[PDB]
Amino acid sequence: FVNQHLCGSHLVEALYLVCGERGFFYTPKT
Amino acid sequence: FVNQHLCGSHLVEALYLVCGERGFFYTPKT
Amino acid sequence: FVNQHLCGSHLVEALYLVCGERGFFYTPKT
Amino acid sequence: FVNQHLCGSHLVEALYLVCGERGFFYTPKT
Amino acid sequence: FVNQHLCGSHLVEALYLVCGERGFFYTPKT
Amino acid sequence: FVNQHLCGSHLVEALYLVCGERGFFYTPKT
Amino acid sequence: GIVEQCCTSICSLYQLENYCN
Amino acid sequence: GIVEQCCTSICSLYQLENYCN
Amino acid sequence: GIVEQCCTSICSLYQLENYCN
Amino acid sequence: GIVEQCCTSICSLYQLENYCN
Amino acid sequence: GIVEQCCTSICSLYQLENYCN
Amino acid sequence: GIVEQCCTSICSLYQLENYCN
Ligand SMILES: [Zn+2]
Ligand SMILES: [Zn+2]
């Protein structure tokens, strides 16, 4: 059941940290 | 000294959680 | 096996953030 | 300025983890 | 599929907190 | 007052994530 | 309550607001 | 915007909702 | 209580255990 | 994109850097 | 050790204290 | 080392990679 709400929260921390001083966008949709 | 790298990480957790199933963008720049 | 100890920790972050300046209680029991 | 909203979020993680299977209550007020 | 990268990150938080002022080591290997 | 207990917790998340499949050690002492 | 109605399925911010003090 | 208006002072859920997509 | 006695200074696991249910 | 290519399998820092602004 | 004995089943604070320095 | 050189000032991924095993 649950897994997408927690899976999309573990990539945000490893997302802005990768770019560094830059930012990024996050939009889950097809 | 440090404070912006930790201040921008405390709002990300309270950013995607606010929208909910929707996403959002984050770009620190003027 | 593990899943309740981690499932109850992902809701705490999205719990106090929802109320805002207010607080809340958490007691896992029937 | 900011500090109480982040200081009360660092104790929640170290609060339910201390109790363990038990729960606790959080209400910031005098 | 994913689960070890997230399982080893939930114990790090409950690792340094247990020791307290002391530190510890983390090496996932046989 | 508080700042080292929270400053040493923000580097652990950005520590094991940098190594990747490898691990690391953490010991705050002179 | 929240250890099952939300632990077995994501909920909405409105439902989580009903648990506020 | 959020790296100053809320980074130098906590904000409300309503103001943070204005940054939603 | 915990929003000042521990928010202005780290505490010990023993003191945090007194706040357990 | 990231809600599937990396949500169903860990990825590398190089692939995650492609999503940078 | 901790990547299996506790990664496949929650443990207690006493067992986690044995991994302390 | 990391409890001061990076605890008093953000660092780069290259410097943090030097602390890898
Ligand atoms: Zn998780
Ligand atoms: Zn913090």
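Residues numbered from 1 in each chain as written, not as in the entry; some residues may be left out. Chains lettered and ligands numbered in written order. Heavy atoms only, no water.

Per the PDB record, the structure was determined using solution NMR.

Chemist: Please provide a residue-by-residue account of the overall build of chain A, values included.
Modeler: Each helix and strand counted, chain A has 2 helices and 1 strand in total. The order of helices and strands in chain A, counted from the N terminus, is α-α-β. Judged by the C-alpha coordinates and their principal axes, chain A covers about 35 × 20 × 5 Å. Across the 30 residues in chain A, those meeting the buried criterion constitute 47%. When the accessible surface of chain A is summed, it comes to about 2,000 Å², and 52% of that surface belongs to carbon and sulfur atoms. (Helix = DSSP H or I, 4+ residues; strand = E, 2+ residues; numbered from the N terminus. Buried < 20%, exposed > 50% of the residue type's maximum accessible area, 1.4 Å probe, protein only. Areas by Shrake-Rupley, 256 points an atom, 1.4 Å probe, with all protein chains shown as cover.)

Chemist: Lay out the relation of the copies chain F and chain E with the relevant residues and their values.
Modeler: Laying chain F over chain E is done by rotating through 180° and shifting 0.1 Å along the axis; what remains is an RMSD of 0.0 Å. When the rotation and shift are considered jointly, the pair of chain copies conforms to a two-fold rotation axis. Taking C-alpha positions as the reference, the residue of chain F nearest the rotation axis is F:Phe25, at 2.1 Å. Comparing interface residues between copies, 92% of those in chain F also lie at the interface in chain E; the contact surface is shared. (Least-squares fit on C-alpha atoms. Contact = heavy atoms within 4.5 Å.)

Chemist: Which residues make up the packing of helix 2 (residues 9-19) of chain B against helix 2 (residues 9-19) of chain C, and what are the values?
Modeler: Helix 2 of chain C packs onto helix 2 of chain B with a crossing angle of 80° between their chain directions and a minimal axis gap of 11 Å. The pairing of helix 2 of chain B with helix 2 of chain C is recorded here as roughly perpendicular in orientation. Residues B:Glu13, B:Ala14 and B:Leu17 of helix 2 of chain B form the contact with helix 2 of chain C, whose participating residues are C:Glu13, C:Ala14 and C:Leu17. When its residues are assigned to classes, the contact of helix 2 of chain B with helix 2 of chain C shows 4 nonpolar, no polar and 2 charged. (Axes fitted to C-alpha atoms, helices over the stretch in contact; angles between N-to-C directions. Parallel < 35°, antiparallel > 145°, perpendicular 65-115°, else oblique. Nonpolar A, V, L, I, M, F, W, Y, C, P; charged D, E, K, R; others polar.)

Chemist: Describe the coordination of the zinc ion (ligand 2), with residues and values.
Modeler: Coordination sphere of the zinc ion (ligand 2), protein contribution only: B:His10 (NE2), D:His10 (NE2) and F:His10 (NE2), at 2.3 to 2.4 Å. Pair noted here: B:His10 is in helix 2 and F:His10 is in helix 2 (residues 10-19), and the two residues belong to different chains. The exposure class assigned to F:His10 is partly exposed, which follows from its relative accessible area of 21%. (Donors = N, O, S within 2.8 Å, 3.2 Å for Na, K, Ca; no water.)

Chemist: Quick one: what's the story with the interface of chain F and chain E, residue by residue and with numbers?
Modeler: Taken together, the contacts link 13 residues of chain F with 12 residues of chain E. Around 1,000 Å² of area is buried between chain F and chain E when both sides are counted, 64% of it from carbon and sulfur atoms. In terms of residue class, the side of chain F that touches chain E is built from 7 nonpolar, 4 polar and 2 charged. Inspection of the sheet shows strand 1 (residues 24-26) of chain E paired to strand 1 (residues 24-26) of chain F by 3 bridges, in the antiparallel sense. Each residue of the ladder has a partner; that of E:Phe25, found in strand 1 of chain F, is F:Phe25. (Buried area = accessible area lost by both parts, 1.4 Å probe. Pairing = 2+ DSSP bridges.)

Chemist: For the arrangement of the chains, give the residues involved together with the corresponding values.
Modeler: The smallest C-alpha distance separating chain F from chain J is 9 Å, and no contact links them. As for chain L relative to chain G, no contact occurs, and the smallest C-alpha gap between them is 34 Å.

Chemist: Which residues make up the state of the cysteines, and what values go with them?
Modeler: Under the defined criterion, the tally for this structure stands at 18 disulfides over all chains. One disulfide bridge connects E:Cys7 with K:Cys7, the sulfur atoms lying 2.0 Å from each other. Of this pair, E:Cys7 sits in helix 1 (residues 4-7) while K:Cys7 is found in the segment before helix 1 (13-17), placing the two residues in two different chains. K:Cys7 shares its class with E:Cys7; the two are buried. Each sulfur of the disulfide joining L:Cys6 and L:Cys11 lies 2.0 Å from the other. Disulfide L:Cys6 to L:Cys11: torsion about the S-S bond roughly -125°, handedness left-handed. (Disulfide = S-S within 2.5 Å.)

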